[PDB]
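[1] to kick things off, part of the complex as it is:
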Amino acid sequence: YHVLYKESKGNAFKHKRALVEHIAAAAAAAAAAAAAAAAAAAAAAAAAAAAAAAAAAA
């Protein structure tokens, strides 16, 4: 929200039009966090390999 205030100070608007038309760009940044979270699948594969090692050596 306060990215719109940092789009007033460092002005990319002019008047009442461009103001509300921003809100889309800032919201799109949150999608990058979901892509980064997919890396946790490698840790799950390592846990399965550890279980297989414990099943082998017993």
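    Right, received. Where do you want to start? Numbers count the residues shown, from 1 in each chain, chains lettered A, B, ... in the order given.
[2] what residues of the longest helix belonging to chain A count as buried?
    When chain A is parsed with DSSP state H, its longest helix is helix A:41-56. Buried residues in helix A:41-56, counted by 16 or more other Cβ atoms under 10 Å: none are found. For every residue, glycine as well, the C-beta is placed using N, CA and C.
[3] same check on stretch A:6-21?
    Those would be residue A:7, for stretch A:6-21 by 16+ other Cβ under 10 Å.
[4] so for chain A, the centremost residue is which one?
    residue A:33 (1.8 Å; Cα atoms, centre = their mean).
[5] which strand or helix spans that one?
    Assigned by DSSP states H and E, residue A:33 falls within helix A:31-36.
[6] restricting to C-alpha, output that helix in PDB.
    Taking Å, rounded to 0.1, in the frame of the first residue of the first chain, the C-alpha atoms of helix A:31-36 are listed here in PDB:
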ATOM      1  CA  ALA A  31       3.800 -15.100  -6.500                       C
ATOM      2  CA  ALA A  32       7.700 -15.400  -6.400                       C
ATOM      3  CA  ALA A  33       7.600 -16.700  -2.800                       C
ATOM      4  CA  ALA A  34       5.400 -19.700  -3.900                       C
ATOM      5  CA  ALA A  35       7.900 -20.600  -6.600                       C
ATOM      6  CA  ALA A  36      10.800 -20.500  -4.000                       C
END
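[7] following sequence is chain B, add it:
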Amino acid sequence: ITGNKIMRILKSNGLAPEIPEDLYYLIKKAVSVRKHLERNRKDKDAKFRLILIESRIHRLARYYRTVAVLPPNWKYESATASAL
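    This next block brings in chain B, placed alongside the chains you saw above:
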């Protein structure tokens, strides 16, 4: 008084050769000796002496920068201490 600073930034303990500790040292004490330069402005050697230790912060900014900054460790240092 150094020992209370050590146990904050490091992975383990005792490793100020883990270099973000010098970055945090010089920044935090350079503003403290500048209390003694908010004291008077005549001041010969402590203004000279300040140049040495405050410019060493820029050689410490040259430090981890050149070798390896894949996730930039340099930008963690300057965020925590507040540098450049």
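[8] quick one: the residue of chain B positioned farthest from its centre and residue B:36, what's the gap?
    Each residue of chain B has a distance to the centre, and by Cα atoms, centre = their mean the biggest one is for residue B:42: 25.6 Å. Between residue B:42 and residue B:36 the distance, using Cβ to Cβ, to the nearest Å, works out to 12 Å.
[9] for the residue nearest to the centre of chain A, give me its contacts.
    With Cβ atoms under 8 Å, 6 or more residues apart in numbering or on different chains as the criterion, no residue contacts residue A:33.
[10] in the longest helix along chain B, which residues are buried?
    If you go by DSSP H, chain B has its longest helix at helix B:45-67. Residues B:50, B:54, B:57, B:60, B:63-64 are the ones in helix B:45-67 that count as buried (16 or more other Cβ atoms under 10 Å in any protein chain shown).
[11] one more, chain C:
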Amino acid sequence: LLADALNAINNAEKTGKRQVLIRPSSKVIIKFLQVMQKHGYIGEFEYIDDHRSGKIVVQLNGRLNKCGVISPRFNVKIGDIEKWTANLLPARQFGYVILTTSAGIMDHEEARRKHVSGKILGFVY
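    Chain C, in position alongside the others:
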């Protein structure tokens, strides 16, 4: 590291030290000293243990007049060796230039036999 190198062994021959006491070890030291052995400029050599890096041993026999480095490692060609050999060696017939050729580090006249170019390290005469 290059600068000091050939000056130490040269000053040893100047005074007349029978063995010279030199040290380092990693992987640009010893086989042109086997070219020096073949040419009869030095004698035998061996290795002694250290804590870190290594220790060499070199036996001398009072041969070296001046050896020294070529500090910028210039390009030598299979024609223009002897533009350098003119100034490097004040004597011709005596001495040789050590080239870092493409076929390892060897002699300069041996390099013309292989027909191989490269860089340079130093002179011995």
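[12] repeat for the contacts of residue A:33, accounting for chain C.
    No contacts exist for residue A:33 under Cβ under 8 Å, 6+ apart.
[13] helix/strand/coil for residue C:62?
    Recorded secondary structure, residue C:62: coil (DSSP: H, G, I helix; E, B strand; the rest coil).
[14] and for it, the neighbour number?
    By the criterion of other Cβ atoms under 10 Å in any protein chain shown, residue C:62 has 10 neighbours.
[15] and if you look at residue A:32?
    9.
[16] residue C:78 touches residue C:112, doesn't it?
    Yes - judged on Cβ atoms under 8 Å, residue C:78 makes contact with residue C:112 at a distance of 6.3 Å.
[17] those two: which is more packed in?
    residue C:112 (16 against 13).
[18] mind listing what that one touches?
    Residue C:112 neighbours (Cβ under 8 Å, 6+ apart): C:78, C:81.
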